[PDB]
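Please read the structure below before turning to the comments.
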Amino acid sequence: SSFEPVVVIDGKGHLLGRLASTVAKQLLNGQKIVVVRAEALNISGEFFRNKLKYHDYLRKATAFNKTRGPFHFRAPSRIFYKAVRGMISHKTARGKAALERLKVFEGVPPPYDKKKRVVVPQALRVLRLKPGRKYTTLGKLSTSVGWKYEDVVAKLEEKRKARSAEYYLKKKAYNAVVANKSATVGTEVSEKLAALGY
Amino acid sequence: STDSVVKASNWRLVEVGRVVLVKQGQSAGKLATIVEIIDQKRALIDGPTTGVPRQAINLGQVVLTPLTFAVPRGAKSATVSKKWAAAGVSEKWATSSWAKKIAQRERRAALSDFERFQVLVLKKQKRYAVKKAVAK
Amino acid sequence: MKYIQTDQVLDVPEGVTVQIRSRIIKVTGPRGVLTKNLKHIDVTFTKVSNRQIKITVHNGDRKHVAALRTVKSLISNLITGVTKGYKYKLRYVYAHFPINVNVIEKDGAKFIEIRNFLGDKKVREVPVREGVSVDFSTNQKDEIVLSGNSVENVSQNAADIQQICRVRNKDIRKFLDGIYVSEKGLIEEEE
Amino acid sequence: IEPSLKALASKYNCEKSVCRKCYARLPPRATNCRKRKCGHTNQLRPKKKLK
Amino acid sequence: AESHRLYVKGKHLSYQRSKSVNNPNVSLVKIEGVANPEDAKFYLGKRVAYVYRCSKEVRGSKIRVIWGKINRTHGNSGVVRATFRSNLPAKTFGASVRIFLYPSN
Amino acid sequence: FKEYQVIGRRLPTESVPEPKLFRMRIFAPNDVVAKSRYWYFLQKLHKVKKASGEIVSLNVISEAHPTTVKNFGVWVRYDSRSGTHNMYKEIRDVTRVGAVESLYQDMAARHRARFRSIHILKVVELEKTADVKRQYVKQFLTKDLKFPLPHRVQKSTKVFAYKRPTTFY
Ligand SMILES: [Zn+2]
């Protein structure tokens, strides 16, 4: 409950229509967003369902000109950006607004792999899906209905992580080291004090 | 090795004498024991020392601390209160970093604006020595 | 009835040593090593005697408690496999045409290419899995012996063979042409 | 054939029950069918022997 | 210092409404941090601006206000109904809104 | 809920004054439902009706020892769509009232049986373990029962969070 500028969400983990029924209340509230990592969403549903379900949209189309007819993106990204531009009044100016506040990628696309993402707990699939309940992973599902890029988002990833790893040793280092002084400075008066203030 | 190895999984047992921090309700952030136990969800607490009266409670409504102590199952209050003292569970709890972090955030909220401004001045002073120590 | 707590007990032998963190299982023995990721299941393992492991499930339903005991057996199987191995004596049953079968190695992969099967001009190729060794039985003619550490590899490999010699369209009772499995067992003898 | 092997391959083919509803080849001591398209039915028979 | 704000940041949410028909007299206002009505009751009475800028310099300032106050809490979520002096625009849904601290206590 | 006692007379007729009196441990949410449920249970045992009759006394019975975990045997006549059944459920609860509350849920969950279908025929604290027939009670009557609560979950008051959650306990 804080009105940041942007907010990044590591899609990873999150269920869907949950982490998605919020991302949506957080647009019609001016908030912003930017769910990264989609390719990792988790939708209740044993893979095989969730993909008959799909083959139950993929097959709805404007009879007479299958073009106008609902556009079935596959894009892991998009698969969870409908589920939204689906939970919003998106035909009322104040709707576009919304969906214009909500970028959405899979794997993490710069302007972001350098900002802290944050995970909408009320969604995770580790705080809901009663353990055992089979669940899936867009990142697949998708893969199984046209997305031409996972294998190329399993690349660009690692390549990432690696860095964001080799950038979390430079962090530690810097710290434990900063924690060896907090001590040398510990006990001091300055503290016996702030040691109360708090 | 040759010594097998299993991780193993360490937990907090809801057992008899697992002291518990009551999350919500009239008690609210008090210790008590889980005396008798009813079933998976339901348990029966008492922390007469703390002042949280004997009651069945949902184990969602409570939280298990790492502390345990000696109780016999179905121990009334007056029993519990005695064995509580002999173990010295409230003093074990007080020392725990959990309890220290609880009493901190309360003490933070208690601070006056003036007393909070002190903390700008003192925190500032701490930086300077730290940042100076960082170069060295 | 949601069963509060259940437990099977794996009795590990003297020789072998099982390494289990999270739900992965490196059983290591005389004959080799065999990993397995039970992470689909949600049991909890617990060392006791070095030759014992309480596997357990807390607050499991009829379904979950079931998955406790299979977990036991799956690892019991790894344990059996990394000591005693597995040996799956298949046979070639045929009436007329003999099933000439040969371990024919393409690209270092090893295939059990099946030939002259029921007079099929087709060459029916099985691929042999990683860590399953294929042996033609001396003395006993027209039998193929798959053997390995992981039973789930071997038996499955031995099946692939068995199902690659199905007889389509014909009435199967009459055409018992086919490779079959005589004797699943273990490699180390006197046991 | 040599009856050992006929007995072997008849174990794997003929010595088998059948679901009456889904016709599915079942195991012999099976009570119910495994297939869920006939409602895991108990209605089985033996697979008929040659001759 | 860097920080000067003596108000509390509020996002203007909606009008009070039914399924269908809405009532622009009364605006729902979110408040930063406020989870529950127990929390929110502090903000009752506390004035609320909606500041907003413009093209024209109407009165020595190309910049404007709509004052108002919070009257009551709203649901269990620390939304706060707020009658403004004039009703808020509806262009202002999702808009920043200055809940102040005066009429203090 | 509470467990009202309800006592009722019938009325006095000329010729037969001082009638027999009856008593029922009605598990009713309040004085008013007590007085129904009493008469609803009377009207199935005698030839008396709230009109031709009277309540004598409501008294709310309280649990004697309400912080002791008890194994409550309860017999239930519940009416299905098809036909009406008897039962015998057993309920580890700290009061009769809680048990009989938590039976009505258990009936409702497991038999869609609404409060209005169910009769509570008898309720009994079982003294001995062994008399506890049901396995699902028996679980918790084990010498030294310890267990964990694996997969703990935290109710974050906020929308977001940064720490990335955990189920350790
Ligand atoms: Zn069938």
| message | Using a Förster radius of 56 Å, what is the FRET efficiency between A:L156 and E:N71 based on their Cβ-Cβ separation? Nearest 0.05, please. | response | 0.60
| Exercise: per-residue mean of other protein chain Cβ atoms within 10 Å, C:48-56 | 2
| request: Kindly rank F:109-121, C:171-183, C:5-17 from highest to lowest mean number of other beta carbons found within 10 Å of each residue. | output: C:171-183, C:5-17, F:109-121
| note | Of the convex hull drawn through the C-alpha atoms of chain E, the volume per residue in Å³ is 128
| note | Computed for chain A: size of charge dipole around the Cα centre, +1 on C-beta of each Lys and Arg, -1 on C-beta of each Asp and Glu, debye to nearest 20, value 760
| message | From the phi angles alone, apply the Karplus equation (6.51, -1.76, 1.60; θ = phi - 60°) to the range A:166-176 and give each ³J(HN,Hα) in whole Hz, x where the residue is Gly or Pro. | response | 3, 10, 9, 10, 3, 6, 2, 2, 2, 8, 1
| field | Solvent-free Debye scattering, log10 I(q)/I(0), computed from the Cα coordinates of the range E:25-71 at q = 0.16, 0.30 Å⁻¹ | value | -0.57, -1.13
| field | Amide H contacts of F:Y169 (H built 1.01 Å from N, under 5 Å, at least 5 apart or other chain) | value | B:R12
| task | Sort the following peptides by mean Cβ neighbour count (other Cβ atoms within 10 Å, averaged over residues), highest first: B:85-95, E:66-76. | result | E:66-76, B:85-95
| Averaged over F:63-69, number of beta-carbon atoms from partner chains that fall within 10 Å | 5
| field | Anisotropy class of chain A from Cα gyration tensor, a/c 1.5 cut | value | prolate
| Which whole number gives the average count of other chain Cβ atoms within 10 Å of the Cβ atoms across peptide C:79-88? | 0
| request: Per residue of the range C:117-123, in order, report the coupling 6.51 cos²θ - 1.76 cosθ + 1.60 (Karplus, θ = phi - 60°) as ³J(HN,Hα) in whole Hz, putting x for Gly and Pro. | output: 7, 6, x, 7, 4, 4, 10
| query | If you take the beta carbon distance between C:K141 and C:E14 as r and set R0 to 60 Å, what does 1/(1 + (r/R0)^6) give as a FRET efficiency, to the nearest 0.05? | reply | 0.95
| remark: Rounded to two decimals, the Debye log10 I(q)/I(0) of the range C:118-160 (Cα scatterers, no solvent) at q = 0.17, 0.25, 0.31 Å⁻¹ is -0.56, -0.91, -1.05
| query | How large is ³J(HN,Hα), in whole Hz, for each residue of the range B:66-76 in order, when computed from phi with the Karplus curve 6.51 cos²θ - 1.76 cosθ + 1.60 and θ = phi - 60°, using x for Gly and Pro? | reply | x, 6, 10, 7, 6, 9, x, 3, x, 5, 4
| task | May I ask you to derive the relative contact order of chain A, considering only C-alpha pairs under 8 Å and at least 6 residues apart, and to give it as an integer percent? | result | 30
| request: Given a cut-off of 22 Å, name the pairs among A:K114/F:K163; F:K35/F:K133; A:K12/A:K114 whose C-alpha atoms lie farther apart than that in the structure shown. | output: F:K35/F:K133
| query | List the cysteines of the protein assembly as shown that have no other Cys Cβ closer than 4.7 Å: which are they? | reply | C:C165, D:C14, E:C54
| note | Between C:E143 and residues 5 or more places away or on another chain, the pairs with built amide H atoms under 5 Å apart involve C:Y92, C:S137
| According to the square roots a ≥ b ≥ c of the eigenvalues of the Cα gyration tensor, what is the shape class of the range C:131-182, taking rounded for a/c under 1.5, prolate for a/b larger than b/c otherwise, and oblate for the remainder? | oblate
| By its C-alpha gyration tensor, with a ≥ b ≥ c as the square roots of the eigenvalues, how is the range F:37-169 shaped: rounded for a/c under 1.5, else prolate for a/b larger than b/c, else oblate? | prolate
| task | Would you pull out the residues with amide H under 5 Å of E:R47's amide H, same chain only if 5 or more places away, H placed 1.01 Å from N? | result | E:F100, E:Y102
| query | If the viscosity is 0.692 mPa s and the temperature 37 °C, what translational diffusion coefficient in µm²/s does Stokes-Einstein give for the protein assembly as shown when Rh comes from Kirkwood over Cα pairs? | reply | 94
| field | Sites F:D31 and F:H85 - FRET efficiency at Förster radius 41 Å, r taken between beta-carbons, to 0.05 | value | 0.85
| Cross-link reach list, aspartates and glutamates versus D:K49, counting only Cα pairs under 17 Å and skipping chain neighbours closer than eight places | C:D171, C:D177, D:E15
| Rounded to the nearest 20 debye, dipole of the protein assembly as shown from Cβ charges on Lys, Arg, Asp, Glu | 3640
| said: Could you give me D for chain C, from Stokes-Einstein at 37 °C and 0.692 mPa s, where the hydrodynamic radius is the Kirkwood radius over C-alpha pairs? Units µm² s⁻¹, please. | reply: 175
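Laboratory data are not the source of any read-out in this text; all were calculated from the coordinates shown. When we count neighbours, we look across all protein chains shown, and the Cβ atoms used for this are built from the backbone with ideal geometry, even at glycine.
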